[PDB]
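1. As a preliminary step, the opening chains of the complex are given here in situ:
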Amino acid sequence: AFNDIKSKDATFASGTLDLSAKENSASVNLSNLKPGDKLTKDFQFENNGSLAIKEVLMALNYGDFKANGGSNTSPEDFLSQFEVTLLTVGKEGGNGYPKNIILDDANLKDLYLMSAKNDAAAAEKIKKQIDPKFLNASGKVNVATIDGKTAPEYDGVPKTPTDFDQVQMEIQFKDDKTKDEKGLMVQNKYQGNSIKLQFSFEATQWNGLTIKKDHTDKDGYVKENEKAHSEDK
Amino acid sequence: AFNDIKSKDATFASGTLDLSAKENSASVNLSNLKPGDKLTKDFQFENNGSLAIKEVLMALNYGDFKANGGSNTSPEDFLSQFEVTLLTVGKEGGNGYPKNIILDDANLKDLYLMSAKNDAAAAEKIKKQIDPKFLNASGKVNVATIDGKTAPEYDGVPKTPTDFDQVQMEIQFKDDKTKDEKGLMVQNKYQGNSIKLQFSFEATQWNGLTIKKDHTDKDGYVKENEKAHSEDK
């Protein structure tokens, strides 16, 4: 009836990831628009968590339709009259490519349908008129920098190399320009209409990583999780 | 399986534009006319909408031909016997030019043909006998003030500077004065003829404008859309 007991110690901890997503826009809210006008919106993404981000996914949503004086009461019709002219993921950041236009004259009705409802036809049309490599199966659009040939480490706003990503979007109020036989043009129905837009950004983290001696620090913390390309094959 | 969501807000609104087009004429309807008589009509244009007008386009239409006792039953022949003597776009308004006569002894048959049917020959004849700078490809005649050297801001009845445009038109019943061999003059056929005229005014808005920080107000509303020369190059 002889025995002995030996024990060992081991502590496990988990990291966190946060997204800043500052606006820095010129006006944020615009009113009294007329057809043919062009808008401008900016976004700045920075890392505020221990873990390293991989990409940021953009979603579009609407609400609070008013139709004060127009003859149109369908929010979808009003939203369909706004075309997003360009979406530059590079902007001021000179890492790798200075500026990159992933957009080719898209629309917002299609973007809403393929971003929230995940409609098949809208997704097909967007993929026909957008960069294929900036899309995901979920339907959202990647906005963070990707595939940096000069500096692969500056991919998906990591933390160990201090990186911030600036993106520009240009929104244009399309004019239809078709005159009726009576003499009143059809786009007159969108007079006084007001809509609210919801711009949602989702940040994801990389895949799993097999931890070895080199990846971790001298004791405790792992440094590889804070850097880009942390995931294994 | 870590992620986070960030959202942003944005509201878009559209403006409206309206035209007042008061008459203020002396008699509006005139009867018992005889050849050689001269008429007088007035019009006052004011802005009643959020957006800023660029020009007002005038159209002419007829209807309700009666021919009570005359031997003429063609409305075109009766309409061809009225010449519009003058069309003063300035009138009482002293902004820039006090008075400007854009018309040189025009006719109403030609005006109808080049204003509604858009006939090529009538348009050519009018352009030969009218001011070229007050015309458009659509065929209608601009009536609002334009090219104000003293005050460029008072162009096309804007809203931010309170402007109203007064226009006069003079209509004369032309006499033909050719006597037949029998002794009855030919213009006797237009005795008792009555016609109704439709004076249509169309107000258009400027072209697209690229919105920047200076153009918009402190928050929301844009002031540039309410002023003249809002459109870009």
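-> Everything's here; your move. Numbers count the residues shown, from 1 in each chain, chains lettered A, B, ... in the order given.
2. Where do the strands of chain A begin and end?
-> For chain A, the strands defined by DSSP state E occupy A:30-33, A:41-46, A:53-63, A:82-88, A:141-142, A:164-173, A:194-205.
3. Next, the contact list for residue A:142, please.
-> A:55-58, A:134-136 (C-beta atoms under 8 Å, 6 or more residues apart in numbering or on different chains). The way it works is simple: take the backbone N, C-alpha and C, and place the C-beta from them, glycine included.
4. tell me the contacts of the closest residue to chain B within chain A?
-> Ranking the residues of chain A by distance to chain B (C-beta to the nearest C-beta) places residue A:36 first, at 2.5 Å. Contact criterion C-beta under 8 Å, 6+ apart gives A:172-173, A:175, B:207-209, B:231 as the residues in contact with residue A:36.
5. switch the cut-off to 6 Å
-> Residue A:36 makes contact with A:175, B:207-208, according to C-beta atoms under 6 Å, 6 or more residues apart in numbering or on different chains.
6. What separation do you get for it and residue A:76?
-> Separation of residue A:36 from residue A:76 (C-beta to C-beta, to the nearest Å) stands at 22 Å.
7. same thing with residue A:149?
-> 41 Å.
8. Sketch out the helices for chain A, chain order is fine.
-> A:75-79, A:108-115, A:120-128 (DSSP state H).
9. before we move on, the earlier item: give me the subset of the contacts of residue A:142 touching chain B.
-> Checked against chain B using C-beta under 6 Å from any C-beta of the partner chain, the contacts of residue A:142 give no members in range.
10. Please identify, among those residues, the one with the most neighbours.
-> For the contacts of residue A:142, counting by other C-beta atoms under 10 Å in any protein chain shown, the largest number of neighbours falls to residue A:56: 25 neighbours.
11. slot chain C in:
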Amino acid sequence: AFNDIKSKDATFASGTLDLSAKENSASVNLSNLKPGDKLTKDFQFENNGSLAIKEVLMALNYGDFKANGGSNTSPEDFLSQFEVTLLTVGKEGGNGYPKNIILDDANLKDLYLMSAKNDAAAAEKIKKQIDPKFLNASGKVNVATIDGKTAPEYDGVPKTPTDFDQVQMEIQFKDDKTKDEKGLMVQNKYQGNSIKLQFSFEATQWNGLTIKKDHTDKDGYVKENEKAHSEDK
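-> Let me put chain C in with the others:
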């Protein structure tokens, strides 16, 4: 692509003028005349149209020459043997002048030549033997009342003041009284000759009038066109 349409209404009408020209003569047709005889013809002019007359112009024409038994076959020679003794434009009408004789022993050959053929010599002779103020460039003779100092409004048989104009003409068969050496007098050639006379009256309207607020009625009709002196300077 914003616009709006405004329209206005306007109706134009034209008046008519008619002449009554009743005869009221004693016998109308006279036969079996002999030299030295005197005739009598009357005319009454009234207004039967919306517009207001200015003057009535008289023309003379002949036809249907027979020469049953005379040795003269020229209608001109037979017509030259009738002298119109007097032409009173006043007659029973007491407005202003009761009676006015515009004629001084005229002839009918000269009247025909200066009224239809518009011969220069006949017109000169008539102007030498007629009142200059009752003539026109066309050559016809004004018959309606003119230049009424007491009542200027009763000029040229207007409509608003109910006026009718009565005119008398006296025709005398002149006797030549020259005896030939054989013993047969020359005027014997005009025996059995018969001629038909055409008395033509033309009514004219005033010149053009610039229509203002006072001239027209409350709505529509213009009253100035129904009154004398409607034309402007």
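12. mind redoing the contacts of residue A:142 now chain C's in there?
-> Contacts of residue A:142 by C-beta under 6 Å, 6+ apart are A:55, A:134.
13. Pull the number of nearby residues for residue A:89.
-> 26.
14. Spell out which residues of chain A are next to chain B.
-> Residues of chain A found near chain B (C-beta under 6 Å from any C-beta) are A:17, A:19, A:21, A:26-27, A:29, A:31-34, A:36-38, A:190-205.
15. Now the closest residue to residue A:78 other than its chain neighbours: phi and psi?
-> Among residues not flanking residue A:78 along the chain, residue A:193 sits closest, at 4.7 Å (C-beta to C-beta, 6 or more residues apart in numbering or on different chains). With angles defined as degrees, to the nearest 10, residue A:193 sits at phi -70, psi 140.
16. any idea how far residue A:193 lies from residue A:173?
-> Counting by C-beta to C-beta - residue A:193 and residue A:173 are separated by 11 Å.
17. Who has more neighbours out of those two?
-> Using other C-beta under 10 Å, the more surrounded residue of residue A:193 and residue A:173 is residue A:193, with 26 against 22.
18. show me what contacts the more buried one?
-> Residues in contact with residue A:193, defined by C-beta under 6 Å, 6+ apart, are A:67, A:70, A:78, B:14.
19. One more pass at 7 Å, please.
-> Each residue near residue A:193 by C-beta atoms under 7 Å, 6 or more residues apart in numbering or on different chains is listed here: A:67, A:70, A:72, A:78, B:14.
20. Next, the contact list for residue A:123, please.
-> A:114, A:139.
21. run the last query once more with 10 Å
-> Applying C-beta atoms under 10 Å, 6 or more residues apart in numbering or on different chains to residue A:123 gives the contacts A:110, A:113-115, A:117, A:130, A:135, A:137, A:139.
22. Among the residues you listed, the buried ones, what's the PyMOL command?
-> The PyMOL selection below is limited to those of those classed as buried (16 or more other C-beta atoms under 10 Å in any protein chain shown):
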select buried, chain A and resi 110+113+114+115+130+135+139
